[PDB]
Amino acid sequence: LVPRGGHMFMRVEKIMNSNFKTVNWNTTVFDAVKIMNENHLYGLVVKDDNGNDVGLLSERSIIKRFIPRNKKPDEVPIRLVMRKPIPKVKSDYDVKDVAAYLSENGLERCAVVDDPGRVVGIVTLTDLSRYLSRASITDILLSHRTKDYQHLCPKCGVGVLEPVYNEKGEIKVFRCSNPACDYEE
Amino acid sequence: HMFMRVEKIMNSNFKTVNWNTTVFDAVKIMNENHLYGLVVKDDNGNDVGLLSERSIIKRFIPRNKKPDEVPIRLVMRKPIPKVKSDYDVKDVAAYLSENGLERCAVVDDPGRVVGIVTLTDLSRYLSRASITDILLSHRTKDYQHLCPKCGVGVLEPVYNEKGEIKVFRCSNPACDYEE
Ligand SMILES: [Fe+2]
Ligand SMILES: [Fe+2]
């Protein structure tokens, strides 16, 4: 953490966490959370088996998408829980622009990618709190409580994955909203 | 102003759940209400704890059990994190940061929980530095679950070969409490 002092403007790249951790998408919720608890890191980058960055696992994603399934954490691969596609902003974004992105999506952290598209870090509300106005911080906090990230289907990439519940309120599957797509997970 | 008592900004319209409610049912309540902090009461009306997202990630997931098989009494922050209603927001901030919390209960003189106060509530009256402090402490520190029997030891996780929490045991050698 490079000390920089408060400034109205600030390039995300300069304040993001370059020492982020990446986990495989088949990692269980149990094993992923062990990593979070151990490192006191509540945001992990998720890659598929070919090295593609496919999502981001956060605390809220676990509370919103894992718990409702009502299964043991060692029985659910994080691919079914992570925010996907991976939430992200460009490394040259000002903190203000990053704030707007997080708020628009109800997030409190996202990945940062460089021009060629590589994930170079993770930026959180904590990171941003040193530069954002108090009003901007409250906005992100309120948006995170009230809004949920829109997860897109990995099969057609266009449809929105919506939850399908049963009589117990359990999430049986998340189903692609795309009429032309028949995907469920 | 340089002053503002928490009672004025707290949320007096909060949700309370029984301590035998499963993590599954408690989370469904939180998800449906978009309120990620519940006050927990026992079967005798006593406020015994506060269930937060972090308490679930730290004290539920590691047990590797279905959400409907674990009662929140074993997950919630306990003893209940709290501040008096006459506390200045700066004092509430110090309390949260000292405890690695982002929210806590507010009690009146008699001692009953009258509301819940969150970082979002405080964000409108705290300095930028204090807000950052609370965020840093919530990430770096975790609430200390003081032992209810000896009152001085702290309940520590006891793991099996898989790294699963079997029980939380008091750190006090002179004490034999565990849950
Ligand atoms: Fe689809
Ligand atoms: Fe003890």
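Keep in mind that the numbers below use all heavy atoms, side chains included, and drop hydrogens, waters and symmetry copies. Letters A, B, ... mirror the listed sequences (proteins, then strands); counts begin at 1.
Contact annotation for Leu132(A): only backbone heavy atoms (N, CA, C, O) come within less than 4.5 Å of a heavy atom of chain B. Heavy atoms closer than 4.5 Å to chain B are found in both the backbone and the side chain of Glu170(A). Within the 4.5 angstrom heavy-atom criterion, atoms from both the backbone and the side chain of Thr126(A) approach chain B. Residue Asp133(B) does not touch chain A at all, counting heavy-atom pairs closer than 4.5 Å. Only the backbone of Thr140(B) comes within contact range of chain A, with at least one heavy atom under 4.5 Å from a heavy atom of that chain. Heavy-atom distances place both the backbone and the side chain of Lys64(A) under 4.5 Å from chain B.
The shortest non-hydrogen separation linking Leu142(A) to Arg124(B) is CD1-NH2, 3.7 Å.
The environment of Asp115(A) atom CG is sparse: at most 12 non-hydrogen atoms of other residues, nucleotides or ligands sit within 6.0 angstrom. Around CG of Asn39(A), the count of heavy atoms belonging to other residues, nucleotides or ligands within 6.0 Å exceeds 12. Within a 6.0 Å radius of CZ in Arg11(A), other residues, nucleotides and ligands contribute more than 12 heavy atoms. The neighbour count for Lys71(A) NZ, taken as heavy atoms of other residues, nucleotides or ligands under 6.0 Å away, does not exceed 12.
The salt bridge (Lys or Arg N to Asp or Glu O under 4.0 Å) pairs that include a residue from residues 80-100 of chain A are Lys84(A)-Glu185(A), where partners are two or more places apart or lie in different chains. Residue pairs meeting the ring pair (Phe, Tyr, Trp, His ring centres under 6.0 Å) criterion with at least one partner in residues 6-32 of chain A, sequence neighbours excluded, are absent.
Looking at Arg128(B), its side chain does come within 3.5 Å of a backbone N or O of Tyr131(A) through a donor-acceptor pair. Remark: the backbone N or O of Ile63(A) is paired with a side-chain donor or acceptor of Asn31(B) at under 3.5 angstrom.
Chain B forms the most heavy-atom pairs under 4.5 Å with one residue out of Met36(A), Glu59(A), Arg60(A), and that residue is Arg60(A). With chain B as the partner, the residue from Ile67(A), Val33(A), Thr138(A) showing the most heavy-atom pairs under 4.5 Å is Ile67(A). With respect to chain B, the highest number of heavy-atom pairs below 4.5 Å among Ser133(A), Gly6(A), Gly169(A), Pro73(A) belongs to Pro73(A). Highest contact tally toward chain A, considering only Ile134(B), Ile56(B), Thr118(B), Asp68(B), is held by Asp68(B) [criterion: heavy-atom pairs under 4.5 Å].
Linking ILVMFWY residues whenever their side-chain heavy atoms come closer than 4.5 Å, directly or via other members, leaves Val23(A) and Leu56(A) in distinct clusters. Residues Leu107(A) and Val12(A) share a single hydrophobic cluster, defined by chaining ILVMFWY side chains whose heavy atoms lie under 4.5 Å apart. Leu44(A) is connected to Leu80(A) through a chain of hydrophobic side-chain contacts under 4.5 Å among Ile, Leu, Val, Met, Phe, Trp and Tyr, so both are in one cluster. In the hydrophobic clustering of this structure, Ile29(B) groups with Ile72(B); members are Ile, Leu, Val, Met, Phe, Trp, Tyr whose side-chain heavy atoms approach within less than 4.5 Å, directly or through other members. In terms of hydrophobic clustering, with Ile, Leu, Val, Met, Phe, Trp and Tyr side chains grouped at heavy-atom distances under 4.5 Å, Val106(B) and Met76(B) are assigned to different clusters.
Side-chain contact check for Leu35(B) versus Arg145(A): some heavy-atom pair is nearer than 4.5 Å.
Interatomic distance, CD of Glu75(A) versus CG of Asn64(B), reported as 7.5 Å (0.5 Å rounding). Considering NE2 of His34(B) and NZ of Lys147(A), their distance stands at 11.5 Å, rounded to 0.5 Å. Atom CG in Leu122(B) sits 10.5 Å away from atom CG in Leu141(A) (nearest 0.5 Å).
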